[PDB]
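Note: hydrogens, waters and symmetry copies are ignored here, and every other heavy atom, side chains too, is used. Start at 1 with the first residue, then count along the sequence. For ligands, and for the atoms within them, numbers begin at 1 and follow the listed sequence.
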Amino acid sequence: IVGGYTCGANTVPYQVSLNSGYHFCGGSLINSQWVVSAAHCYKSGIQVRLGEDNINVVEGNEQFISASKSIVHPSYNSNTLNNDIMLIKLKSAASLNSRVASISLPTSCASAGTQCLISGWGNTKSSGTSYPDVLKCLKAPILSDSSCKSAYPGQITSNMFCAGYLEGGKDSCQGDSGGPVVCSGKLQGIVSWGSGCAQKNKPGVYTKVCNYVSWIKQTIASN
Ligand SMILES: [Ca+2]
């Protein structure tokens with residue numbers, strides 16, 4: 001997260017770290033057995049780490065659980081990043097408590113101007129690299145579709161939205177991918193792609209989760 005702030009331990013209780021011997025993507029817990037993340041975060045040998053704040057230190061409240069299956073959206077396109085969403089079923093159910101809790105799926109898409117909280121352990125520098133130990137947070141608004149399509153002409157499908165600041169300086173970045181964009185207590189976006197990080201006129205692009213709620217429900221129901 002570039003230009004964000006330290007969330008504070010366990011203030012984002014639905015945030016997941018996907019780990020393969022190191023943190024490579026975020027995710028969001030949506031019930032005790034399932035995580036939503038980005039399809040491009042797919043790999044085998046994923047351990048889902050719940051209740052994390054400092055990802056390099058065991059501090060208490062962590063639950064490490066293996067992924068028993070990861071379901072990339074059947075229509076995910078790696079060149080366009082359209083349908084960049086993946087569901088991970090956990091080998092066993094998480095213990096939900098204060099420190100670990102699920103986030104609700106939306107019933108409606110959020111409108112332009114809705115403020116949202118984006119969180120993750122990704123890079124904090126727009127030029128160079130600096131990975132944080134603790135979870136960073138950023139408040140960012142959903143931008144209008146015409147500003148989004150002006151910023152990224154020909155690349156925004158109906159399954160994507162822009163969120164962030166045209167002035168640059170605050171954004172999600174590498175390592176934040178697959179993590180949550182939560183607006184009004186509902187999971188509205190998944191960190192997907194952008195041009196650089198926190199560059200002027202190049203806001204972040206996010207998977208529009210409200211377009212996938214019946215696919216999520218039907219898939220969880222048959223697996
Ligand atoms: Ca830890």
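- At a cut-off of 3.5 Å, with distance as the only test, no side-chain donor of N223 or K89 sits close to an acceptor on the other residue.
- Counting only protein atoms, the N, O or S atoms lying less than 3.0 Å from the Ca ion (ligand 1) are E52 OE1, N54 O, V57 O, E62 OE2, ordered by chain and residue number.
- No cation-pi contact links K136 to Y5, judged by a cut-off of 6.0 Å to the six-membered ring centre and 45° from its axis.
- Between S172 and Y206, the side chains place a donor N or O and an acceptor N or O closer than 3.5 Å (distance only, hydrogens not considered).
- Taking the six-membered ring for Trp, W193 and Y152 have ring centres closer than 6.0 Å.
- Between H73 and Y212, a ring centre-to-centre spacing shorter than 6.0 Å is recorded.
- Scanning both residues, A39 and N83, for their nearest heavy atoms gives CB-O, 4.2 Å.
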